[PDB]
C-alpha cells in the first residue's frame, strides 16, 4: 500500500525565497491538472500541503529531466540563480531548450538572464495565455 518516493523527477523547481508565494501557487495548480508530476525542490519543508520532494543539489542534473526557473528581479541576485546559471552553462548545444523552462510571473525592471535569451518563456503575466497556462505547463513537464 501507499505512495512511493521517486528516484527520478520530471523537474527541479529553481527559485529564490522572494518568489516562494508564486511557487506555492504553481505547485498547487500543477497538482490540480490531469497529470501526476514528480517535482522536486531543495527543501520541501517550506512548501507545506504539497506533494513535492526534496533533492540534494549534487543529484539534480542526473535525476531531473528539466529545470523550472522562476525569474524575477530578485532572482537575478540570488544564489539560486548562480546554481541555475552554472547548470545551464554546463549543458551541451541543443540541451538548453530541452531542459530549461523559465517562468515570468510579475513585471521586471531588469533584462531576462543572458543564458535564457533563446529559450521559450512561460509568461504567467500574459492574460491571453492564462486559461490553459497550468495545464500546458503540466503537459510540457510530463514529456520525455
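Positions refer to the first chain, counted from 1.
Task: Greater mean Cα temperature factor according to the PDB record, 114-122 or 63-71 - done: Result: 114-122.
- [ ] With reference to the PDB entry, specify whether the mean Cα temperature factor is higher for 43-51 or for 78-86.
- [x] Between 43-51 and 78-86, it is 43-51.
- [ ] Looking at the entry's B-factor column for C-alpha atoms only, identify whether residue 99 ranks in the lowest, middle or highest third of its chain.
- [x] Middle third.
- [ ] Sort the modelled residues of this chain by their C-alpha B factor and say whether residue 13 lands in the lowest, middle or highest third.
- [x] For residue 13, whose C-alpha B-factor we compare with every modelled residue in the chain, the answer is the lowest third.
Open item on the list: When the deposited Cα B-factors of this chain's modelled residues are ordered and cut into thirds, is residue 140 in the lowest, the middle or the highest one?
Closed with: For residue 140, whose C-alpha B-factor we compare with every modelled residue in the chain, the answer is the middle third.
- [ ] Using the B-factors in the PDB entry, rank residue 30's C-alpha atom against the chain and give the third, lowest, middle or highest.
- [x] Tercile = middle for this residue's CA B-factor.
- [ ] State the tercile, meaning the lowest, middle or highest third, of residue 91 with respect to the CA B-factors recorded for its chain.
- [x] Answer is highest: the recorded C-alpha B-factor places it there.
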